[PDB]
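Text of structure09.txt (compact mmCIF, C-alpha atoms) as supplied:
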```txt
# COMPACT_ATOMS: atom_id res chain seq x y z
CA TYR G 28 0.00 0.00 0.00
CA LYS G 29 1.05 3.60 -0.63
CA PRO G 30 0.43 6.08 2.24
CA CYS G 31 -1.97 9.00 1.71
CA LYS G 32 0.38 11.19 3.74
CA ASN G 33 4.05 10.90 4.82
CA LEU G 34 5.69 12.88 7.62
CA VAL G 35 9.20 12.89 9.03
CA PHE G 36 10.19 14.39 12.40
CA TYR G 37 13.09 14.09 14.84
CA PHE G 38 12.88 14.33 18.59
CA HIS G 39 15.61 14.58 21.14
CA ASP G 40 15.75 12.76 24.44
CA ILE G 41 18.26 13.00 27.25
CA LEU G 42 18.49 10.06 29.63
CA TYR G 43 20.41 10.99 32.76
CA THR G 65 8.08 -22.01 26.51
CA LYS G 66 11.47 -20.31 26.01
CA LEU G 67 11.57 -17.71 28.84
CA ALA G 68 9.03 -18.26 31.63
CA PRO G 69 6.38 -15.56 32.35
CA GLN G 70 8.17 -12.70 33.78
CA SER G 71 6.72 -9.74 35.82
CA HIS G 72 8.25 -6.96 37.87
CA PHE G 73 7.39 -3.69 39.56
CA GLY G 74 7.95 -0.86 37.11
CA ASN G 75 9.00 2.73 37.30
CA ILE G 76 7.77 5.30 34.85
CA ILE G 77 9.97 7.81 33.14
CA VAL G 78 8.12 10.80 31.73
CA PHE G 79 9.61 12.89 28.96
CA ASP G 80 8.89 16.20 27.20
CA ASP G 81 11.16 16.51 24.19
CA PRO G 82 11.57 19.02 21.38
CA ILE G 83 10.51 17.90 17.91
CA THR G 84 12.54 19.32 15.03
CA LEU G 85 12.25 19.30 11.21
CA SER G 86 15.76 17.99 10.73
CA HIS G 87 18.51 16.17 12.59
CA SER G 88 20.08 19.03 14.54
CA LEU G 89 18.65 20.03 17.90
CA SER G 90 18.94 23.67 16.88
CA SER G 91 16.83 23.29 13.72
CA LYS G 92 13.27 24.66 13.72
CA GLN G 93 11.12 23.11 16.43
CA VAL G 94 7.63 22.13 15.37
CA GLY G 95 6.29 20.74 18.65
CA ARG G 96 6.96 18.57 21.70
CA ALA G 97 7.05 14.79 22.10
CA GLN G 98 5.35 14.04 25.40
CA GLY G 99 4.78 10.61 26.88
CA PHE G 100 6.30 7.93 29.05
CA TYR G 101 8.19 4.69 29.12
CA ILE G 102 9.11 2.14 31.75
CA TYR G 103 12.20 0.81 33.44
CA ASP G 104 12.06 -2.69 34.93
CA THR G 105 15.30 -3.41 36.77
CA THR G 110 10.32 -2.20 29.05
CA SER G 111 9.77 -2.28 25.34
CA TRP G 112 6.67 -0.27 26.27
CA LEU G 113 6.24 3.22 24.87
CA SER G 114 3.31 5.65 24.87
CA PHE G 115 3.66 9.13 23.47
CA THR G 116 2.02 12.00 21.64
CA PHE G 117 3.57 14.35 19.10
CA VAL G 118 2.05 17.70 20.07
CA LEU G 119 2.55 19.62 16.85
CA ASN G 120 2.39 23.39 16.80
CA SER G 121 4.01 24.96 13.77
CA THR G 122 3.16 27.14 10.78
CA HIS G 123 2.20 24.05 8.74
CA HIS G 124 1.22 21.43 11.35
CA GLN G 125 -1.40 21.89 14.11
CA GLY G 126 -2.61 18.78 15.97
CA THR G 127 -1.53 15.74 17.98
CA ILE G 128 -0.50 12.22 16.97
CA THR G 129 -0.42 9.47 19.57
CA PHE G 130 1.49 6.18 19.42
CA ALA G 131 1.48 3.18 21.78
CA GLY G 132 2.92 -0.31 22.01
CA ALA G 133 5.88 -2.55 22.74
CA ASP G 134 8.51 -3.62 20.18
CA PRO G 135 11.67 -5.18 21.66
CA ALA G 138 17.85 -3.29 15.65
CA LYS G 139 18.10 0.52 16.18
CA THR G 140 14.79 0.61 14.27
CA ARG G 141 11.22 -0.41 15.22
CA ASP G 142 7.63 0.15 14.05
CA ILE G 143 4.88 1.54 16.30
CA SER G 144 1.16 1.92 15.57
CA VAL G 145 -0.55 5.27 15.32
CA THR G 146 -3.25 4.91 17.96
CA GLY G 147 -4.81 8.40 18.02
CA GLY G 148 -5.01 11.75 16.29
CA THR G 149 -6.40 15.26 16.88
CA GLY G 150 -6.57 18.61 15.07
CA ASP G 151 -4.91 18.33 11.65
CA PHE G 152 -4.50 14.60 12.40
CA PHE G 153 -8.06 13.98 13.40
CA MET G 154 -9.11 10.42 12.41
CA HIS G 155 -5.66 9.68 10.92
CA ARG G 156 -4.26 6.13 11.07
CA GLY G 157 -1.11 4.31 10.11
CA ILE G 158 2.31 3.37 11.48
CA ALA G 159 5.59 5.03 12.33
CA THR G 160 9.10 3.77 11.85
CA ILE G 161 11.38 4.89 14.65
CA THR G 162 15.12 5.03 14.10
CA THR G 163 17.34 5.76 17.09
CA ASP G 164 20.71 7.49 17.00
CA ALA G 165 22.36 6.75 20.35
CA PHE G 166 25.31 8.85 21.50
CA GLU G 169 26.33 10.99 26.42
CA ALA G 170 22.75 10.53 27.55
CA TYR G 171 21.65 11.95 24.20
CA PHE G 172 19.22 10.04 21.95
CA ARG G 173 17.90 11.39 18.66
CA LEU G 174 14.88 9.51 17.31
CA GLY G 175 13.96 9.69 13.64
CA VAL G 176 10.20 9.19 13.32
CA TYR G 177 8.85 8.39 9.85
CA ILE G 178 5.07 8.49 9.86
CA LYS G 179 3.14 6.76 7.11
CA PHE G 180 -0.59 7.45 7.33
CA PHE G 181 -2.87 5.08 5.42
CA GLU G 182 -6.06 6.85 6.40
CA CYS G 183 -6.21 10.64 6.10
CA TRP G 184 -8.99 13.16 6.80
CA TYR D 28 -17.27 16.83 8.82
CA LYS D 29 -20.48 16.10 10.73
CA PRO D 30 -20.28 13.31 13.37
CA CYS D 31 -22.41 10.17 12.95
CA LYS D 32 -23.00 10.18 16.70
CA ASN D 33 -22.63 12.80 19.47
CA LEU D 34 -22.44 12.07 23.20
CA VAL D 35 -22.05 14.30 26.23
CA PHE D 36 -21.05 13.08 29.71
CA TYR D 37 -19.63 14.60 32.90
CA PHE D 38 -17.27 12.93 35.31
CA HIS D 39 -16.16 14.01 38.73
CA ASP D 40 -12.66 13.81 40.09
CA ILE D 41 -11.34 14.62 43.53
CA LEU D 42 -7.64 15.38 43.84
CA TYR D 43 -6.52 15.27 47.45
CA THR D 65 15.27 24.33 20.56
CA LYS D 66 13.18 26.33 23.07
CA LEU D 67 13.15 24.07 26.18
CA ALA D 68 15.79 21.32 26.20
CA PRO D 69 14.70 17.63 26.33
CA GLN D 70 13.29 17.08 29.67
CA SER D 71 12.70 13.72 31.51
CA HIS D 72 11.82 12.78 35.06
CA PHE D 73 10.69 9.85 37.16
CA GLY D 74 6.90 9.79 37.23
CA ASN D 75 4.25 8.75 39.67
CA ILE D 76 0.92 7.41 38.54
CA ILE D 77 -2.38 8.52 39.93
CA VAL D 78 -5.23 6.10 39.30
CA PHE D 79 -8.82 7.25 39.39
CA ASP D 80 -12.31 5.69 39.36
CA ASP D 81 -14.88 8.42 38.92
CA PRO D 82 -18.65 8.54 38.52
CA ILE D 83 -19.98 9.55 35.11
CA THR D 84 -23.24 11.50 35.13
CA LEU D 85 -25.73 12.69 32.47
CA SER D 86 -25.61 16.27 33.67
CA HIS D 87 -23.46 18.65 35.67
CA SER D 88 -24.49 17.74 39.21
CA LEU D 89 -22.76 14.88 41.00
CA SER D 90 -26.15 13.67 42.21
CA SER D 91 -27.66 13.37 38.72
CA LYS D 92 -28.12 9.89 37.22
CA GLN D 93 -24.86 7.98 36.95
CA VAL D 94 -24.34 6.12 33.71
CA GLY D 95 -20.93 4.55 34.38
CA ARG D 96 -17.41 5.03 35.74
CA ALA D 97 -14.41 6.84 34.29
CA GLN D 98 -11.40 4.66 35.05
CA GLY D 99 -7.82 5.37 34.07
CA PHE D 100 -4.65 7.09 35.14
CA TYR D 101 -2.51 10.17 34.80
CA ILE D 102 0.96 11.18 35.86
CA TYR D 103 2.60 13.64 38.20
CA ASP D 104 6.17 14.73 37.44
CA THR D 105 7.44 16.95 40.25
CA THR D 110 2.15 15.29 32.81
CA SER D 111 -0.18 16.27 30.05
CA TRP D 112 -0.57 12.49 29.72
CA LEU D 113 -3.98 10.94 30.19
CA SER D 114 -5.32 7.42 29.56
CA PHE D 115 -8.84 6.49 30.50
CA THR D 116 -11.92 4.45 29.66
CA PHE D 117 -15.56 5.43 30.04
CA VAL D 118 -17.13 2.21 31.33
CA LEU D 119 -20.76 2.83 30.44
CA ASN D 120 -23.51 0.85 32.07
CA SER D 121 -26.93 2.46 31.82
CA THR D 122 -30.38 1.82 30.39
CA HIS D 123 -29.34 3.36 27.05
CA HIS D 124 -25.54 2.92 26.92
CA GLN D 125 -23.65 -0.38 27.35
CA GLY D 126 -19.95 -0.47 26.37
CA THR D 127 -16.56 1.15 26.90
CA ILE D 128 -14.81 4.08 25.22
CA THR D 129 -11.08 4.56 25.68
CA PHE D 130 -9.06 7.75 25.18
CA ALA D 131 -5.30 8.36 25.30
CA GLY D 132 -2.82 11.14 24.69
CA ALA D 133 -1.13 14.31 25.89
CA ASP D 134 -2.45 17.86 25.32
CA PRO D 135 -0.80 20.57 27.45
CA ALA D 138 -7.11 26.69 28.16
CA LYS D 139 -9.58 24.80 30.43
CA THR D 140 -10.42 22.85 27.25
CA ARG D 141 -8.51 20.22 25.24
CA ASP D 142 -9.15 17.55 22.58
CA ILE D 143 -8.27 13.87 23.03
CA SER D 144 -8.47 11.04 20.50
CA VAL D 145 -10.82 8.12 20.88
CA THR D 146 -8.40 5.20 20.79
CA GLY D 147 -10.67 2.22 21.52
CA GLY D 148 -14.25 1.03 21.85
CA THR D 149 -16.21 -2.02 23.03
CA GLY D 150 -19.83 -3.16 23.33
CA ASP D 151 -22.16 -0.45 21.98
CA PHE D 152 -19.00 1.45 20.97
CA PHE D 153 -17.34 -1.41 19.19
CA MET D 154 -15.24 -0.09 16.25
CA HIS D 155 -16.21 3.54 17.01
CA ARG D 156 -13.73 6.35 16.29
CA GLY D 157 -13.51 10.08 16.71
CA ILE D 158 -12.42 12.72 19.22
CA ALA D 159 -13.57 14.15 22.52
CA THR D 160 -13.48 17.71 23.73
CA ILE D 161 -12.78 17.91 27.44
CA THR D 162 -13.81 20.98 29.40
CA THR D 163 -12.68 21.25 33.01
CA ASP D 164 -14.51 23.07 35.80
CA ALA D 165 -11.99 23.50 38.61
CA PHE D 166 -13.19 24.34 42.11
CA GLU D 169 -11.63 22.26 46.91
CA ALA D 170 -10.00 19.26 45.27
CA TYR D 171 -13.11 18.92 43.11
CA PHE D 172 -12.85 18.80 39.29
CA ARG D 173 -15.83 18.31 37.00
CA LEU D 174 -14.91 17.37 33.43
CA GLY D 175 -17.35 17.92 30.58
CA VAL D 176 -16.63 15.33 27.88
CA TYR D 177 -18.16 15.96 24.45
CA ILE D 178 -17.66 12.94 22.23
CA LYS D 179 -17.94 13.30 18.48
CA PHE D 180 -17.74 9.95 16.70
CA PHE D 181 -16.94 10.05 12.98
CA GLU D 182 -17.11 6.30 12.52
CA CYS D 183 -20.04 4.41 14.01
CA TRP D 184 -21.01 0.71 13.97
CA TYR F 28 -21.10 -8.36 12.01
CA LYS F 29 -18.81 -11.22 10.98
CA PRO F 30 -15.05 -10.65 11.50
CA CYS F 31 -12.71 -10.60 8.48
CA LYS F 32 -10.13 -12.46 10.56
CA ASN F 33 -10.25 -14.49 13.80
CA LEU F 34 -7.26 -15.36 15.98
CA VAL F 35 -6.93 -17.28 19.23
CA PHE F 36 -3.87 -17.17 21.52
CA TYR F 37 -3.07 -17.99 25.14
CA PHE F 38 -0.60 -16.20 27.34
CA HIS F 39 0.73 -17.14 30.73
CA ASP F 40 1.26 -14.79 33.62
CA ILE F 41 2.76 -15.42 37.02
CA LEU F 42 1.86 -13.02 39.80
CA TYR F 43 4.18 -13.42 42.77
CA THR F 65 -23.62 9.10 42.70
CA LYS F 66 -23.10 5.54 44.00
CA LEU F 67 -19.37 5.49 44.94
CA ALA F 68 -17.74 8.92 45.26
CA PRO F 69 -14.80 9.86 42.96
CA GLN F 70 -11.96 7.79 44.02
CA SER F 71 -8.19 8.33 43.28
CA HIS F 72 -5.01 6.79 44.61
CA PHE F 73 -1.30 6.58 43.92
CA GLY F 74 -0.64 3.62 41.66
CA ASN F 75 2.15 1.15 41.16
CA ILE F 76 2.87 -0.38 37.80
CA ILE F 77 3.48 -4.03 37.23
CA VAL F 78 5.25 -4.83 33.98
CA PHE F 79 5.01 -8.25 32.41
CA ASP F 80 6.65 -10.20 29.57
CA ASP F 81 4.75 -13.42 29.01
CA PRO F 82 4.96 -16.29 26.54
CA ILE F 83 2.15 -16.57 24.00
CA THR F 84 1.23 -20.11 22.97
CA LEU F 85 -1.04 -21.67 20.30
CA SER F 86 -2.88 -23.81 22.82
CA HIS F 87 -3.61 -24.04 26.53
CA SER F 88 -0.43 -25.70 27.78
CA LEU F 89 2.60 -23.58 28.64
CA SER F 90 4.79 -26.09 26.82
CA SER F 91 2.91 -25.83 23.51
CA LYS F 92 4.52 -23.91 20.63
CA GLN F 93 5.25 -20.30 21.52
CA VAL F 94 4.37 -17.77 18.87
CA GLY F 95 5.45 -14.56 20.62
CA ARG F 96 5.48 -12.54 23.84
CA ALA F 97 2.75 -10.54 25.56
CA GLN F 98 4.40 -7.38 26.84
CA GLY F 99 2.69 -4.57 28.69
CA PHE F 100 1.66 -3.33 32.09
CA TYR F 101 -1.12 -3.06 34.60
CA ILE F 102 -1.68 -1.24 37.85
CA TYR F 103 -2.16 -2.04 41.50
CA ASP F 104 -4.00 0.51 43.67
CA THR F 105 -3.94 -0.64 47.29
CA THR F 110 -6.89 -1.22 38.51
CA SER F 111 -9.10 -2.51 35.78
CA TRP F 112 -6.50 -0.81 33.57
CA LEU F 113 -4.54 -2.89 31.09
CA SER F 114 -2.19 -1.96 28.24
CA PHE F 115 -0.36 -4.60 26.29
CA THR F 116 1.04 -5.69 22.94
CA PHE F 117 1.12 -9.18 21.45
CA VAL F 118 4.56 -9.28 19.83
CA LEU F 119 4.06 -12.11 17.37
CA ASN F 120 7.00 -13.89 15.85
CA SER F 121 6.17 -17.28 14.38
CA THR F 122 6.21 -19.14 11.07
CA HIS F 123 2.70 -17.85 10.26
CA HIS F 124 2.37 -14.61 12.26
CA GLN F 125 4.78 -11.64 12.13
CA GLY F 126 3.64 -8.33 13.68
CA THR F 127 2.30 -6.67 16.82
CA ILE F 128 -1.22 -6.14 18.15
CA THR F 129 -1.83 -3.62 20.91
CA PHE F 130 -4.79 -3.44 23.30
CA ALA F 131 -5.72 -0.84 25.93
CA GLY F 132 -8.53 -0.05 28.32
CA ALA F 133 -10.30 -0.75 31.60
CA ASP F 134 -13.07 -3.34 32.09
CA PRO F 135 -13.87 -4.18 35.73
CA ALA F 138 -16.93 -12.44 35.26
CA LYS F 139 -13.67 -14.27 34.36
CA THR F 140 -14.24 -12.79 30.88
CA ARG F 141 -13.94 -9.24 29.50
CA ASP F 142 -13.67 -7.43 26.14
CA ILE F 143 -10.81 -5.07 25.25
CA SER F 144 -10.40 -2.89 22.16
CA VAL F 145 -7.66 -3.41 19.62
CA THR F 146 -5.95 -0.03 19.67
CA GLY F 147 -2.95 -0.60 17.38
CA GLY F 148 -1.33 -2.94 14.88
CA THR F 149 1.98 -3.39 13.04
CA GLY F 150 3.56 -5.78 10.52
CA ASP F 151 1.03 -8.45 9.51
CA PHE F 152 -1.51 -6.54 11.65
CA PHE F 153 -0.85 -3.16 10.15
CA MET F 154 -4.09 -1.09 10.13
CA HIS F 155 -6.08 -3.94 11.74
CA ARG F 156 -8.99 -3.12 14.08
CA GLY F 157 -11.47 -4.96 16.23
CA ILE F 158 -11.89 -6.35 19.74
CA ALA F 159 -10.57 -9.18 21.86
CA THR F 160 -12.37 -11.34 24.36
CA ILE F 161 -10.15 -12.25 27.28
CA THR F 162 -10.93 -15.31 29.36
CA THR F 163 -8.89 -15.90 32.50
CA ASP F 164 -8.09 -19.27 34.06
CA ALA F 165 -6.91 -18.54 37.60
CA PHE F 166 -5.01 -21.20 39.54
CA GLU F 169 -0.52 -20.71 42.61
CA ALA F 170 0.33 -17.33 41.12
CA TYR F 171 -0.40 -18.81 37.70
CA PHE F 172 -2.89 -17.13 35.32
CA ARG F 173 -3.62 -18.37 31.82
CA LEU F 174 -5.45 -15.86 29.62
CA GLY F 175 -7.38 -17.01 26.57
CA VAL F 176 -7.40 -14.15 24.04
CA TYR F 177 -9.91 -14.39 21.19
CA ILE F 178 -9.26 -11.68 18.64
CA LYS F 179 -11.98 -10.69 16.22
CA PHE F 180 -10.75 -8.21 13.61
CA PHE F 181 -13.42 -6.25 11.73
CA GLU F 182 -10.96 -4.35 9.59
CA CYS F 183 -8.15 -6.27 7.90
CA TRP F 184 -5.34 -5.16 5.56
```
Would you write the structure of this file as structure tokens?
Amino acid sequence: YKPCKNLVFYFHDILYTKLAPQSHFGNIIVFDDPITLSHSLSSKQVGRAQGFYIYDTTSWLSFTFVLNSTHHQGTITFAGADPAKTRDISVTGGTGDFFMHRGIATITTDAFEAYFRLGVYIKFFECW
Amino acid sequence: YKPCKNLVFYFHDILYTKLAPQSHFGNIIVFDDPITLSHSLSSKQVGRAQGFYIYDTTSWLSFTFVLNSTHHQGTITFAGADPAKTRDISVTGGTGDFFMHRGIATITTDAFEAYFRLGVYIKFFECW
Amino acid sequence: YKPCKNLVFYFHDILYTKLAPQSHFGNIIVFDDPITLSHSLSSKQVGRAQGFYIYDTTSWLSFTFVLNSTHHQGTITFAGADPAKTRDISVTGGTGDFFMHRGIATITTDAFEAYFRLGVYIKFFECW
């Protein structure tokens, strides 16, 4: 399938059978990260990535791109676990310009420092 | 677009570039709140709002309207971050009567006390 | 409606008006559980169930089936609260083979020990 809309953003984060069933107590890390048009942190910011993930002693990720720029106004929410420096995550929600949008995002992670840059390539397959 | 179904509920909660990337440890607050047809807490209850949000030292919200009334039987789930006394949040899931439903909700907050009344105006744009 | 695709999996977990508005601090339990084709833990594993739930002192559940088998390659994510030994939960996300899929799952719980087997019956009503 070809997507009815493609978007690319970067956001910047600073840290600080077979196997049996496995549980543990979790701790939540909450983040609020700048989203930029290109790779550099000092390139134009177009919103904030806000969400959370988990440490055990944690493939789980929930976050929203809160977009607020001259061309993009809305939110896109993603949720799920995926264990490669690259993973897919489902679009799970949309508001504003991204009202009723659906699709997937490919997340590529440049790890450096406590500095992580995440390339997020959004392919929408339903667009309103 | 005009919604194929509109619903209005209130639920009642009782408490107790630019910026750099920002993380912290989070704490979860879980809530289980009555949903009513109208503004007053003592008006007919039609279900419970059950979910969680986060304190840092937190625009993130995940919750489900568990509806159980003479006219509404099902669940509606919402998730996302939005930083106005009014915000939008995406429908992310539905069961029962709201099976395969999609759309957005506008949330208006009356803050008082530790008492918060939230007006939730659901506009579905896909209805089964 | 008849589903365009039906799937059945089991996963195995090992523990260890009216009512006023109710909140509390929550603690998160994270789990990573084997998914099998049939009831027995020693039957073929087809992936891992990875997500979290909450203890108060908690009908909330978020998890992803990370499927990795000879016939199924993708993820399916579910989220929501539902208070019966059986409950429904909405599909909220999909990737890979389950890209753009939507529907509901019925979850049946066999409680034993700290051992819980969950029968998950997925009915997709949108398939790509």
* To do: Kindly provide, as a ChimeraX atom specification, the residues of chain G having any atom no farther than 6 Å from an atom of chain F, counting all atoms listed in the file.
  => /G:65,69-74,132-133,144,146
Result of fitting chain D on chain F (Cα atoms paired in order), as a compact mmCIF listing (two decimals) with C-alpha atoms, in the coordinates of the input:
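Now in result_18.txt:
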```txt
# COMPACT_ATOMS: atom_id res chain seq x y z
CA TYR D 28 -21.10 -8.36 12.01
CA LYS D 29 -18.81 -11.22 10.98
CA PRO D 30 -15.04 -10.65 11.50
CA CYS D 31 -12.71 -10.60 8.48
CA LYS D 32 -10.13 -12.45 10.56
CA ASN D 33 -10.25 -14.49 13.80
CA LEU D 34 -7.26 -15.36 15.99
CA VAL D 35 -6.93 -17.28 19.23
CA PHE D 36 -3.87 -17.17 21.51
CA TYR D 37 -3.07 -18.00 25.14
CA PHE D 38 -0.59 -16.20 27.34
CA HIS D 39 0.73 -17.13 30.73
CA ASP D 40 1.26 -14.79 33.62
CA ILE D 41 2.76 -15.43 37.02
CA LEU D 42 1.86 -13.02 39.81
CA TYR D 43 4.18 -13.42 42.77
CA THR D 65 -23.62 9.10 42.70
CA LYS D 66 -23.10 5.54 44.00
CA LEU D 67 -19.37 5.49 44.94
CA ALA D 68 -17.74 8.92 45.26
CA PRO D 69 -14.80 9.86 42.96
CA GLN D 70 -11.96 7.79 44.02
CA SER D 71 -8.19 8.32 43.28
CA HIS D 72 -5.01 6.79 44.61
CA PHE D 73 -1.30 6.58 43.92
CA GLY D 74 -0.64 3.62 41.66
CA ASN D 75 2.14 1.15 41.16
CA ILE D 76 2.87 -0.38 37.80
CA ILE D 77 3.48 -4.03 37.23
CA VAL D 78 5.25 -4.83 33.98
CA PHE D 79 5.01 -8.25 32.41
CA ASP D 80 6.65 -10.20 29.57
CA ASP D 81 4.75 -13.42 29.01
CA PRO D 82 4.96 -16.29 26.54
CA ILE D 83 2.15 -16.57 24.00
CA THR D 84 1.22 -20.11 22.97
CA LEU D 85 -1.05 -21.67 20.30
CA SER D 86 -2.88 -23.80 22.82
CA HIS D 87 -3.61 -24.04 26.53
CA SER D 88 -0.43 -25.70 27.77
CA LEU D 89 2.59 -23.58 28.64
CA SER D 90 4.79 -26.09 26.81
CA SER D 91 2.91 -25.83 23.51
CA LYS D 92 4.52 -23.91 20.63
CA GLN D 93 5.25 -20.30 21.52
CA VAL D 94 4.37 -17.77 18.87
CA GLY D 95 5.45 -14.56 20.62
CA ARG D 96 5.48 -12.54 23.84
CA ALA D 97 2.75 -10.55 25.56
CA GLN D 98 4.39 -7.38 26.84
CA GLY D 99 2.69 -4.57 28.69
CA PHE D 100 1.67 -3.33 32.10
CA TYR D 101 -1.13 -3.06 34.60
CA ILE D 102 -1.68 -1.23 37.85
CA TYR D 103 -2.16 -2.03 41.50
CA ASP D 104 -4.00 0.51 43.67
CA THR D 105 -3.94 -0.64 47.29
CA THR D 110 -6.89 -1.22 38.51
CA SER D 111 -9.10 -2.51 35.78
CA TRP D 112 -6.50 -0.82 33.56
CA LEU D 113 -4.54 -2.89 31.09
CA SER D 114 -2.19 -1.96 28.23
CA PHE D 115 -0.36 -4.60 26.29
CA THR D 116 1.03 -5.70 22.94
CA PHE D 117 1.12 -9.18 21.45
CA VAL D 118 4.56 -9.28 19.84
CA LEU D 119 4.06 -12.11 17.37
CA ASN D 120 7.00 -13.89 15.84
CA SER D 121 6.17 -17.28 14.38
CA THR D 122 6.20 -19.14 11.07
CA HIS D 123 2.70 -17.86 10.26
CA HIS D 124 2.36 -14.61 12.25
CA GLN D 125 4.78 -11.64 12.13
CA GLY D 126 3.64 -8.33 13.68
CA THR D 127 2.30 -6.67 16.82
CA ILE D 128 -1.22 -6.14 18.15
CA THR D 129 -1.82 -3.62 20.92
CA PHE D 130 -4.79 -3.44 23.30
CA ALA D 131 -5.72 -0.84 25.93
CA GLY D 132 -8.53 -0.05 28.32
CA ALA D 133 -10.30 -0.75 31.60
CA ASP D 134 -13.07 -3.34 32.09
CA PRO D 135 -13.88 -4.18 35.73
CA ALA D 138 -16.93 -12.44 35.26
CA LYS D 139 -13.67 -14.28 34.36
CA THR D 140 -14.24 -12.79 30.88
CA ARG D 141 -13.94 -9.24 29.50
CA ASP D 142 -13.67 -7.43 26.14
CA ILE D 143 -10.81 -5.07 25.24
CA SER D 144 -10.40 -2.89 22.16
CA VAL D 145 -7.66 -3.42 19.63
CA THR D 146 -5.95 -0.03 19.66
CA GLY D 147 -2.95 -0.60 17.38
CA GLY D 148 -1.32 -2.94 14.88
CA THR D 149 1.98 -3.39 13.04
CA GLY D 150 3.56 -5.77 10.52
CA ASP D 151 1.03 -8.45 9.51
CA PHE D 152 -1.51 -6.55 11.65
CA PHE D 153 -0.85 -3.16 10.16
CA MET D 154 -4.09 -1.09 10.13
CA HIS D 155 -6.09 -3.93 11.74
CA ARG D 156 -8.99 -3.12 14.08
CA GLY D 157 -11.47 -4.96 16.23
CA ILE D 158 -11.89 -6.35 19.74
CA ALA D 159 -10.56 -9.18 21.86
CA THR D 160 -12.37 -11.33 24.36
CA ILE D 161 -10.15 -12.25 27.28
CA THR D 162 -10.93 -15.31 29.36
CA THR D 163 -8.89 -15.89 32.51
CA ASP D 164 -8.09 -19.27 34.06
CA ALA D 165 -6.91 -18.54 37.60
CA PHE D 166 -5.01 -21.19 39.54
CA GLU D 169 -0.52 -20.71 42.61
CA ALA D 170 0.33 -17.33 41.13
CA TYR D 171 -0.39 -18.80 37.70
CA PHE D 172 -2.89 -17.13 35.32
CA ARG D 173 -3.61 -18.38 31.82
CA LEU D 174 -5.44 -15.87 29.62
CA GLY D 175 -7.38 -17.00 26.56
CA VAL D 176 -7.39 -14.15 24.04
CA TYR D 177 -9.91 -14.40 21.19
CA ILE D 178 -9.26 -11.68 18.64
CA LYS D 179 -11.98 -10.69 16.21
CA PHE D 180 -10.75 -8.21 13.61
CA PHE D 181 -13.42 -6.26 11.73
CA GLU D 182 -10.96 -4.36 9.58
CA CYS D 183 -8.15 -6.26 7.90
CA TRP D 184 -5.33 -5.17 5.56
```
* Any idea what the distance is between atom CA of residue F:37 and atom CA of residue F:157? ->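 It comes out at 17.9 Å.
Separating atom CA of residue G:164 from atom CA of residue G:85 is a distance of 15.6 Å.
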* To do: For each of D:67, D:181, D:104, D:175, take the minimum atom-to-atom distance to residue D:29, counting all atoms listed in the file, then give the residue where this is smallest.
  => D:181
Counting all atoms listed in the file, which residues have an atom no more than 10 Å from (-10.3, -15.0, 16.8) in the file's coordinates? Please list them as a PDB file with C-alpha atoms, in the coordinates of the input.
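Saved the output as selection-v3.pdb:
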```
ATOM      1  CA  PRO F  30     -15.050 -10.650  11.500  1.00  0.00           C
ATOM      2  CA  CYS F  31     -12.710 -10.600   8.480  1.00  0.00           C
ATOM      3  CA  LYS F  32     -10.130 -12.460  10.560  1.00  0.00           C
ATOM      4  CA  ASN F  33     -10.250 -14.490  13.800  1.00  0.00           C
ATOM      5  CA  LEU F  34      -7.260 -15.360  15.980  1.00  0.00           C
ATOM      6  CA  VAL F  35      -6.930 -17.280  19.230  1.00  0.00           C
ATOM      7  CA  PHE F  36      -3.870 -17.170  21.520  1.00  0.00           C
ATOM      8  CA  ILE F 158     -11.890  -6.350  19.740  1.00  0.00           C
ATOM      9  CA  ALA F 159     -10.570  -9.180  21.860  1.00  0.00           C
ATOM     10  CA  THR F 160     -12.370 -11.340  24.360  1.00  0.00           C
ATOM     11  CA  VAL F 176      -7.400 -14.150  24.040  1.00  0.00           C
ATOM     12  CA  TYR F 177      -9.910 -14.390  21.190  1.00  0.00           C
ATOM     13  CA  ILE F 178      -9.260 -11.680  18.640  1.00  0.00           C
ATOM     14  CA  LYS F 179     -11.980 -10.690  16.220  1.00  0.00           C
ATOM     15  CA  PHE F 180     -10.750  -8.210  13.610  1.00  0.00           C
TER      16      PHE F 180
END
```
* Record the distance separating atom CA of residue G:170 and atom CA of residue D:112, expressed in Å with one decimal. =>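 These two atoms are separated by 23.5 Å.
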